[PDB]
Amino acid sequence: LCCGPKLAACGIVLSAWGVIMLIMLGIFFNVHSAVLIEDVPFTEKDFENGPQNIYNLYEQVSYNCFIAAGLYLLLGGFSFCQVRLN
Amino acid sequence: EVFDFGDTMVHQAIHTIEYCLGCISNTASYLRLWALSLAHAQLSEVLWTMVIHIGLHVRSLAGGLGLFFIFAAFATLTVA
Amino acid sequence: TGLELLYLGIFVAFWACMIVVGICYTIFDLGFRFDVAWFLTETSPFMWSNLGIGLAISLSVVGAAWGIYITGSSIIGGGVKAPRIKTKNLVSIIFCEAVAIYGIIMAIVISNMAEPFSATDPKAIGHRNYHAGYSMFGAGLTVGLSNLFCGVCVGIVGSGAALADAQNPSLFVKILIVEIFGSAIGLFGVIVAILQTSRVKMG
Amino acid sequence: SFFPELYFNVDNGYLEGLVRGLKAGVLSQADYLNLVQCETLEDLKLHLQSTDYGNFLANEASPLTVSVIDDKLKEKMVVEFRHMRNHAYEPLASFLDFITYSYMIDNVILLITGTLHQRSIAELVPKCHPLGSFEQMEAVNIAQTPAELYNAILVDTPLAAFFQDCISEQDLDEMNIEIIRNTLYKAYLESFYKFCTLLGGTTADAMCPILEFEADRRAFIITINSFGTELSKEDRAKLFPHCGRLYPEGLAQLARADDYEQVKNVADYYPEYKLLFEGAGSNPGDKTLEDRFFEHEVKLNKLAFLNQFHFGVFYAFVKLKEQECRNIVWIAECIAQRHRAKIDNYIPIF
Amino acid sequence: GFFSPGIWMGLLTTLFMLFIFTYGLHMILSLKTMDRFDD
Amino acid sequence: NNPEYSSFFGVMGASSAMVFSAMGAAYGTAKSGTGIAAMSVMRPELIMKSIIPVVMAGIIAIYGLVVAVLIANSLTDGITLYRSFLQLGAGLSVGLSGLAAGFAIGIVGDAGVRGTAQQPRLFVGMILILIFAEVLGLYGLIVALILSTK
Amino acid sequence: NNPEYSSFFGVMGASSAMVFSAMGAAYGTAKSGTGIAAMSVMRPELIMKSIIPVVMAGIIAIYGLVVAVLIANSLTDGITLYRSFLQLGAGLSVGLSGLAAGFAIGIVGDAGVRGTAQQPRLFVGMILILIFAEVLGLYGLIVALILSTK
Amino acid sequence: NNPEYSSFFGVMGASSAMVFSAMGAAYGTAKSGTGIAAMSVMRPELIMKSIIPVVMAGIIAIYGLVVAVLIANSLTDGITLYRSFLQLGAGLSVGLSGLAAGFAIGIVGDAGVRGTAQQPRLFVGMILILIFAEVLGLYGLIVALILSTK
Amino acid sequence: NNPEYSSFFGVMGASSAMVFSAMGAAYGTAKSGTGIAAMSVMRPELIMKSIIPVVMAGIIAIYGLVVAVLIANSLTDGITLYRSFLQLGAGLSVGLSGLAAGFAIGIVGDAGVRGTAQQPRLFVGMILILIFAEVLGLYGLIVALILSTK
Amino acid sequence: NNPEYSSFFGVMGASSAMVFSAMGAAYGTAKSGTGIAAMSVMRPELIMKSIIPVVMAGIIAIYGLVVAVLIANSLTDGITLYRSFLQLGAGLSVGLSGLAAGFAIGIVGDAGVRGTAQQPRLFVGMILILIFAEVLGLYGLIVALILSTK
Amino acid sequence: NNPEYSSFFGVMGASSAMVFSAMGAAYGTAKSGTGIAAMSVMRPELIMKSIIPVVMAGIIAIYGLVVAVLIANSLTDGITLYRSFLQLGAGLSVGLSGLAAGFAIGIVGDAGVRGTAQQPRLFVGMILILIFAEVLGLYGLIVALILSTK
Amino acid sequence: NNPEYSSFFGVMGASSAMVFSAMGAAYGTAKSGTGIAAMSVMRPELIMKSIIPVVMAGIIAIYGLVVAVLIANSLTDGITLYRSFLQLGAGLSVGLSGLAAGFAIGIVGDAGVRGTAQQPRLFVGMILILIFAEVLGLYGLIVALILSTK
Amino acid sequence: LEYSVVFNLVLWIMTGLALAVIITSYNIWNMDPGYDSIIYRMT
Amino acid sequence: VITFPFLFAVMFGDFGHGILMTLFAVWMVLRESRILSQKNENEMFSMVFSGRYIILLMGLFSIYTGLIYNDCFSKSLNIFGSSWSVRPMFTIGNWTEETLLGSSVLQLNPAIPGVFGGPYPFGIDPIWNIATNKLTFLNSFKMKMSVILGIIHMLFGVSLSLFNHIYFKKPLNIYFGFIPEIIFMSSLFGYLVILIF
């Protein structure tokens, strides 16, 4: 696979930014910080028993962030491969 | 050089009006800072909720791929 | 600009009256007097249905005729020095007339929706019946204006087509694509009208 | 936009088609090249007779002459424009009348020159260009009185409005007649621009560029010409028409100008003209500024037809066919006098 | 009330007649006649 | 039983049916006759052939007349509001349709007559186009009759 | 039983039947007269034969008069709303139909007369176009009369 | 006893009657005067003959005055709404019809006078067309008189 | 008893009687004055006679004042609604009639003086025409007086 | 149950969507079409490239149709007044948005086609401008979808 | 106890926010587009540096969408009158602000891109003026979100 | 206690303050921008200093914004109608006063830059007049703040 | 009781009357004074 | 050199976007030699490169201001902990599960002593970024801040004229300009400054 060097450079920069930002988001989501609450796919029933459930959904979103950061890692490697290929 | 009472007095009148009105207007203008800063915050927040809230607010692990795509979109839209 | 200045003046006066009367009613607390519900309810459904049908046919015919003459002027003028035009570019005319065809189809279809009531009280007339009225009015309005706009569009593009053909025989068969897309809009209007009337019943 | 498409054809629909049908009949580059190969004026007739111009020239005596060809071409254009004007409705009729006004002003210049010099006015009409014919008998049997002519023009000729910029018949002897001609042309061109704008919409969008180039080319050519003349700078400025794109300070710099270099210095600010002055070497053996200006003008009238619903198509047709008449006349010159080397100097159309 | 059911229906009817009438009268008033004739 | 004002809408239907059709016809004849005169001054021999557009304007007027009189026949005292609005619908349907058809016939007629004046080959084209306008008036008439006879 | 304000719509039938037919006839005579004046300066011997269009405009006026007078004769005090509306309908049908007809008469007469000055043979064609417009006013009368008597 | 507000429509009939008639007459006099002035600079001999259209407009004025006087005299503080509406009808019928006649008289007077200076033969036709213009106002007066007396 | 807001129509009658007469006189004065200036520049000697049209416009102003003052002197608190509407009718009748007369006088004055500069003998026809124009305002006054004093 | 009159606004929502979308699409199509026709004679090699703007106008039409169908299916005789208002909101949002988009597409297509006729390199920029113009209607479609589904 | 009709105002806020911002963006794209098309014939290299105004009109459109979608999300079936009026205020604020800002963007872009065509130095002045214009839409957005969120 | 519709006028004030002043600022921006783009061609060195009019116009928008947000934070669910009226007054004051100001700035700057292209000295007078223009917006702010605070 | 009918009659009759008056005044106000044979001598 | 980055940061204040701007600034600055050598015709890109240093300072100050706003892509950073608190309302106040069920958005109040332990040590408290009332606080704060900053900036400006007039030896300028001018400033808007503090 091949593409123009400028597009490949855009790819690498985009991938790096994605990795960093989503690492930050996953870190804070796994910390369960309140700041990100509204992004949690919480359900009304959960606010009865205790906060452990919302912790686990926080972690679900955190894992999901880490996964997307992984896809960005693969994309970054891919785009770097193309950049050096050109 | 030569002095004209009328021209000099109107010159100072122009400067006085300029100064006072300019100060009032500049004080109002510096509220531009608040206006555009609140604009920055508002645009950032609404774009956050309109784009990456979509990906962050899903239950299953597939939201990892969802977040990949939606974050690509979010990155481009934010830079733009 | 006499008559247009008149229309502008009457329009401004009407909307000034609307605005001022609205402010005055709100300030005086007459929202109970100004209840749109009474207007919409006591205006008989027949009036809605029948204005609907009349517009459904008539606006469609207006579009058809408007586009018809818009393109016919050009077809004739170009044909003056290009006699080949008369048979060929007539497809503009036919596509203009298809709009009025749609007009009839939907007009008569809606006409099959009408039936009497033998009721005067709004409660007796009923939701089904009032819905029938408004729905017929809306479907007629929709088809009528979609046809009107399709007609004016097709007429204009057909005029352009005939004039272009006057200078080169070969171009017409290709420009007609724009005409087809123009007719597509009227067809969309027809579809929307069909859906709107699909679940309507007076009685 | 003024949505002209909705109502333009209601009255102008037929004449729109007719003017385009005529446009299609103007000679092409292929017809020009065909004509360039002609061996004689008789051969020119034979070749042209296969074109849309057809048998028109065959009616006249065996010894064809340039003057004959010019007369016949002009006359055919006269007949056709008369037809258009006869079938035009009021607005378009006014537009066509504005077209005619230019020739009318030229004819008035001829008439004034004749009367001030005391020559029979009726004998001047035959040479007057028919497009600007004076139907109004008020403009006839003046008895060669300059005051009578001036009052007649003011009373019964549309040119009264532009003449209002002048104040009396003594103005006709106070100044060289070319000043008067260009004054009237300035007023006419300005009024015409205002009329097209008042019509607005697509007609404006199509016609105003033509008019601004008319005004700007007038400014440029006037300035270049003035230098070898006694024409004062104030007269030059007063004669510039204001509808041109040069109007803000460009006309001022032209007024201040004294050299071809300086008119070029002004041109440098207006690229679309700048290219014309660059290509106008104006030295012997290559294109002059006038030739390039005609080329740009024909470009503009050509492009006018890229728009459908407007009156500007009629002005474009008139000027294109006039340039075509001059082109065919020029070709007849080259054939008759055997200067085949230069014939390519005509301007191609469509 | 400033209106009644019948009056409102009548005004709607007359207004949609007047729309058509003003359109027609505008076009008919825009009719014109030529000032000249051919040879 | 029925409201006393019910007849007004039927009357309006009849009046509209007459009037809008009449106006369309008037515009058509005026435009057409103008074109006829313009062609005439140069071509006296085409008057009888050329009159046709005015005839089609007469046709649209006749369409208005038939629909209008049909409504007048149904204007009965005990007219139910239902029938009254049916007649109003018939009125508008024929009326606006005819007004548009008159515009079309008139403009097409002027253009066609002028064209024929220069190009005899166009006459058949004139007629062929004009029929497609007049069929619009036929369409309005048809729907109006269906409504009135509901 | 006979709402008090019923007389209004019959009165308006009368007023319209007069005024709108009058306006139509007025425009007809006006435009035709400008045409007659223009033609006169060239072709005096046509003057008397040229006035027909103004006559037909006057016939538009007489149509207005017939309908309005019948309407007035029918205006009784205790008129029913039914008949009052029929009476208005007759009024409008004649009046606006005549307005359109008079417009047509005016334009066509102007065009026809000035053409005739240039080309005599146009006369018969002009008369025919005038007739085909005048029948519009005739239909206005017929519908108005039917509505009024019914 | 009758509704007090009835008086309004009678007074409105009077006002409309005089006002529209007066406006038509004013237009007729004004344009005829412009024609007369333009004519005189050439042919001062035609002044007395050319004044006639202005008189013809004054006739419309007189018609308005007549109906208005009748209306005003007939008004009463206990006028029935029927009669008041009827008076309004008379006023409209004469006044607006006279306005139409006023436009006709004025336009034809202007054009005809201008032509007459160029061609005296036009004068007779100009009279005939003037008369045809006025009979419109006469019809208006007739309808208004019938209404005002019924 | 009569409702309190009844005197509205009387006061409007007086105000309009002044105001519309004023508008008409103003317009007439205006056009007449423009014409007077234009003529005077070339023929200064004719000014003293040429001013007359402005005087005749002042006559319209006088009519307005007279009727307005009469209505004002007639106004009362317990005024019957019928009398009030009579006063409104009178006010409109003088006012808009004077508007028509001022229109006529203005156009005639403009055109007539402009011609008179070139042909003095037009003066007779001019004066006659202005008489014919002023009698319109006179008729307005007669109707107004009848209505108000009734 | 919900009020009887409620469904009116939903009906209007569907109608507005389709009708205003049709207005937009018609204008865009017609403007681009006149541009295309004028260009064709000059640079016939560019017709199938220059079509695209008509496709963009059709895209606006599709945007309208989708919303219209959605409202039609969502509509019933017993909707809550709230949902009826929301349906009207969706309809207007897509419709007027499509109208604005349509004016954009028409003007940009005409100007760009005219330009490319003279200079091919404009083509891609024209496509970009067209995309940004249709994007306007796309926003309306998004908001309409949200309103309807809520 | 929330009136059902109250929710209409929130729907209208959303609509307005979309539609008026859309019209502003459409005009802004339109005028800048015609300017770009005119410029591109002579100076094609400026296409990408000249499309910026179209992007800014797009920003006006996105502002409209943001406000409209937020209003839609805030809407509810029993929305209070106070909050609904707040949403209407937000809608009007943003929508008309976008209309004005788009008008400015369009006119500025047209005039400017044309200016750059003859004088490339102007580009900086363009971009400054264009952003100053877009700032008006920013203010509309500010106010709109404040009201929509209160 | 207080009428529930009170908040409508409060939100209307909040909107008006921004929207009308924004329209004024938009017009000023547009006119000044066209003037800048024109003047740039001949004197490209003056563009930055000559932008001062657009810089000044944006200030009207600032004023609109400040009054808007002040009305906003003053708003609440239960305001009395008196307060709502004050809010409406403040909004209208600043908005429409800013509109007048914006017309002033637009015209003055447009003329001033073009003049300065021919005469650099004008710049100072341009600034003076521009200040005299902005003060209109400023006074609107003063009155709006006083009202909204009361 | 008949307030609706009386009010509408008054309103619309007066609207028609006012429009007729305004249009007649407009037409006369713009009446062409028609001294075209004189205008250019005067100006 | 400082205040332009300063005020641009007051406007663009955001930790994360400041990171992005600083990243772009450095990406340019380190490669400036390569760009200077391999310059290109892209006018916009070249002008931004010319402005790289300005962009660098602009990004740094946006970082600082975004932290002060407690804003990182509109979100807070949480490091120092909330000054506001919730439980002391239950304890000293009167909230109950019933309230949490029946009032969707409830409230919070500083009056009771247990809630607030003093202002957040650096920037705005993170709670606002999630609080719906965010605007009421942020608009007043930012409005009135922009006020203080702008007026102090303008006073700085007035002061800057004295060093001109001194060197140019314009005693009249000093006496009847600066002094009166600066008094008018400080008295009117500097006094508003005093009140806002």
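Letters A, B, C, D, E, F, G, H, I, J, K, L, M and N mark the chains in the order given here, with residues in each chain numbered from 1 onward.
Here is the rule we use: contacts are C-beta pairs under 8 Å (C-beta built on N, C-alpha and C of every residue); 3 or more make two chains touch, one makes a residue touch a chain.
Both subunit B and subunit C are touched by L. Between the two copies, subunit K and subunit L, the Cα superposition rotates by 35°, quoted to the nearest 5.
Subunit F and subunit G have centres, each the mean of its CA atoms, that are 18 Å apart.
Averaged Cα coordinates give subunit B a centre that lies 56 Å from the centre of subunit D. Under the contact definition stated at the top, the residues of subunit B that touch 2 or more other chains are 29, 31-32, 35-36, 38. In subunit C, the residues touching two or more other chains are 44, 47, 51, 69, 72-73, 75-77, 79-81, 152, 156, 159-160, 163, 167.
In subunit M, 2, 5-6, 21, 25, 28, 31, 33-35, 37-38, 41 are the positions where the chain touches two or more neighbouring chains simultaneously.
Contact residues on subunit C toward subunit F in their complex (touch as defined above): 44, 46-47, 49-51, 53-55, 57-59, 61-62, 64-66, 68-69, 72-73, 75-77, 79-81, 83, 85-87, 90, 93-94, 96-97, 100-101, 103-104, 107-108, 111, 114, 116-117. Chain contact summary for the complex, subunit D toward subunit E: residues 10-11, 82-83, 85-90, 93. Here subunit L touches subunit B in the complex through residues 59, 62-63, 65-66, 127-128, 131, 134-135, 138, 141, going by the rule given at the top.
Here subunit M touches subunit H in the complex through residues 2, 6, 10, 13, 17, 20-21, 24-25, 27-28, 31-38, going by the rule given at the top. Those residues of subunit D lying in contact with subunit M across their complex are 151, 154-156, 160-161, 163-164.
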